[PDB]
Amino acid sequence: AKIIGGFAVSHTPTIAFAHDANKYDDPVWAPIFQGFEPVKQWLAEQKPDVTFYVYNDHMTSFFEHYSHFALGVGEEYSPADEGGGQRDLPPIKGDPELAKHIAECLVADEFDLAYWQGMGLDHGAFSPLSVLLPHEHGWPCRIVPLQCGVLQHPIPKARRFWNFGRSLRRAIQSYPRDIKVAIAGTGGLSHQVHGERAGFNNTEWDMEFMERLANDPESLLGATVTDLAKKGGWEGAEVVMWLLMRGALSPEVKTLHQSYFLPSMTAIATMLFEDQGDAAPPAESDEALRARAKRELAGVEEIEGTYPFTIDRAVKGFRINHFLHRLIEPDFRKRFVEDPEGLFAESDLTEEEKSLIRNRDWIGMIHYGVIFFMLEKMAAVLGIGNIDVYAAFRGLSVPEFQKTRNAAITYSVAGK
């Protein structure tokens, strides 16, 4: 509930490569590390509990289904395979509770989101994180990732990114735990990595953009994609993500540090901001925002025999849902019927999860966090219908349950 500041950093794989090839000592590469060091030192000294982390995936985990604002709500995130194998990094921990509260505020502010778990983070996240935070056994803080769909047009306007940041500030502020939160925006600065224009940089624009983002970010809010691509290269226009982070900070900030280095394709830059707090009181008190965020499901606990699939439940039931979900794969559901024990022995399921499936504990699974639709599919796999599951939920024989219906009929989701 206290924002301590935030940082902006390039995410080019140059950075990841430098860490992985130990170019630390090499003077050609060294300005990257000198650039990142104060940010690294600040994070080690301030110890945020959670860093809300703004980046874009580069058509690695996000491709056939591609969303604008994708909130990472899961327990952990491993590195993604980008065609040369996963980087040797430990998973970083998420924060489902914080993520949930943020989702709730942002949805009440009429932003449309995506939620995701269990997919890798590509270079867009782990390239700079790997230089900013020591990563033995785990990582110094939690992150709540926000993956932004900045590469498939149309994308949200610069001002939408800004306005997201503003709502994010209040959401974070109003989270009812006394914890420290830093905000990161990655990407940029100028670069183009495609077409005959590949190799474009604009240091003059980079300096001005840095200056304006720090001290007059509202001046940037009428910039178009075209404006940003013309001045800083096609992919350099990813800096709208810097506007999101900056919008989540105080109207004025202390620039603790900034760095600029252009060795190759990309202007590698960092910026470190100390939040200055709110000069003005907020239009809406934390108390009132918290009540407005929960008003959609206020009173929902009064509904008996109902297990709302909220984010916490989605996270709790993730492994088992994910396993049951694979029953739509013909080779997987074949192994499930024929050699279930072989499939369990290979899974990441707890004994309790295996046992619920093995016992066909219909209500037990709903209770646990399984969404009915996973049970619907399992039913189909076993050649039994929906009515069988419903009767099990009611603790009744199929015949007794069928008496509650206006007609006695049967059906399933089975195809051909």
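Heads up: residue numbers just count along the shown sequence, starting at 1.
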query	finding
Mean C-alpha B-factor comparison - 135 to 143 and 121 to 129, higher one	135 to 143
Higher-scoring stretch by recorded Cα B factor average, 341 to 349 or 323 to 331	341 to 349
Highest recorded Cα temperature factor - choice among 382, 365, 54, 391	382
Residue of maximum C-alpha B factor among 163, 152, 285, 306, per deposited coordinates	285
CA B-factor ranking of residue 110, expressed as a third of its chain	lowest
Third of the chain, ranked by Cα B-factor, where residue 265 sits	middle
Residue 27 - Cα temperature factor, lowest/middle/highest third of chain	highest
Chain-wide C-alpha B factor ranking for residue 297, given as lowest, middle or highest third	middle
Record-listed C-alpha B factor of residue 376: chain third	lowest
